[PDB]
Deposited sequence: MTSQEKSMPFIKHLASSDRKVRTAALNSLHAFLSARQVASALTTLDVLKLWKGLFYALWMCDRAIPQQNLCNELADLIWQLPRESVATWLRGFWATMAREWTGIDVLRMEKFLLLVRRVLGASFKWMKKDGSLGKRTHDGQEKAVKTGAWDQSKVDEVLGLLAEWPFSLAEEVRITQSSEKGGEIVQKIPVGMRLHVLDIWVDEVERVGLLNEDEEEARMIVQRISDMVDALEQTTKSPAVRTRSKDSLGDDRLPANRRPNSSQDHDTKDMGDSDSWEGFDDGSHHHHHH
């Protein structure tokens, strides 16, 4: 697969990065993506945000990157999001204090788009898309294991800061897509399945920070299991 635009996403010239993104949009429009294809695409997208210095272009770029999910064939979305989490997991400890905030926002929007992707728009949610999104939460931020195999050939260790960020925002992002509606049976099951993943994380984790954030987010007053 020839993806010549990828190396230009890291250009110091933002006009070149913008053109490289448009080639990527057209490339995704036009065989199927492999695990290796999305790792290369997401590293290029990672560095495209890394080079973005301005607050408003960063906010647009995070939404642009998260909304790429709607351009993808149904069969490639889960492979695509695994490439995202593997990318963030590999690159996490190298992100300096000055550049962290825009990558925290990227994770939030990509997670938020993943939740919105689960939705149908009286069955309101696509359970096959729910299994894929939640299975990735179990695979990366809420994994009871400490490394992920990608074949194995490629083994990636899960950084603790990535878990801590997802633990900070998962209630925010289930609320934003409307999953905290106490009156939906379908929605409460999805929140329960996510809560069970976080509960399992708090029981097993070696990290007191992860243990504390998991416990904290499970006590969130917004969760229906904590109300009335």
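| query | Going from the first residue of the deposited sequence to the last, where are the unmodelled runs? | reply | Several regions go unmodelled: 1-5, 36-39, 131-146, 177-182, 260-290.
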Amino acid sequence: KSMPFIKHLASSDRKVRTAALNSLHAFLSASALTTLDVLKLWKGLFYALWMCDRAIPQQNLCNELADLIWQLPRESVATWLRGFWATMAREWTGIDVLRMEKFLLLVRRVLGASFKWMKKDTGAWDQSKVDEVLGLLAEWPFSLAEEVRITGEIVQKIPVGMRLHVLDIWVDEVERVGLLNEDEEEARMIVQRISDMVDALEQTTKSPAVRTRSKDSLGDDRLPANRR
From here on, numbers count along this sequence of modelled residues.
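| query | Once you work out the mean C-alpha B-factor for both 42-50 and 175-183 from the entry, which is higher? | reply | The stretch with the larger mean CA B-factor is 175-183.
| field | Which of 68-76 and 104-112 has higher mean CA B factor, as the PDB entry lists it | value | Taking the mean C-alpha B-factor of 104-112 and of 68-76, the larger value falls to 68-76.
| field | Peak C-alpha temperature factor (PDB record), options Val130, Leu136, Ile154, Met88 | value | Among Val130, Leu136, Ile154, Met88, the highest C-alpha B-factor in the entry belongs to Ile154.
| message | If I read the C-alpha B-factors straight from the PDB entry, which of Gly94, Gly83, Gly123, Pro141 is highest? | response | Out of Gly94, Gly83, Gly123, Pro141, the record gives the largest C-alpha B-factor to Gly123.
| task | Select lowest, middle or highest to describe the third in which the CA B-factor of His165 falls within its chain in this entry. | result | Bottom third by C-alpha B-factor.
| task | Place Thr18 in the lowest, middle or highest third of its chain's C-alpha B-factors, as listed in the PDB entry. | result | Tercile = lowest for this residue's CA B-factor.
| task | Check where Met197 lands among this chain's C-alpha B-factors and tell me if it's the lowest, middle or highest third. | result | According to the entry, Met197 has a C-alpha B-factor in the chain's middle third.
| query | By the record's CA B-factor, is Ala55 among the lowest, middle or highest third of residues in the chain? | reply | Its C-alpha B-factor belongs to the lowest third of this chain's values.
| Lowest, middle or highest third: where is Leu61 by Cα B-factor in its chain? | Within its chain, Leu61 is a lowest-third residue by C-alpha B-factor, going by the deposited values.
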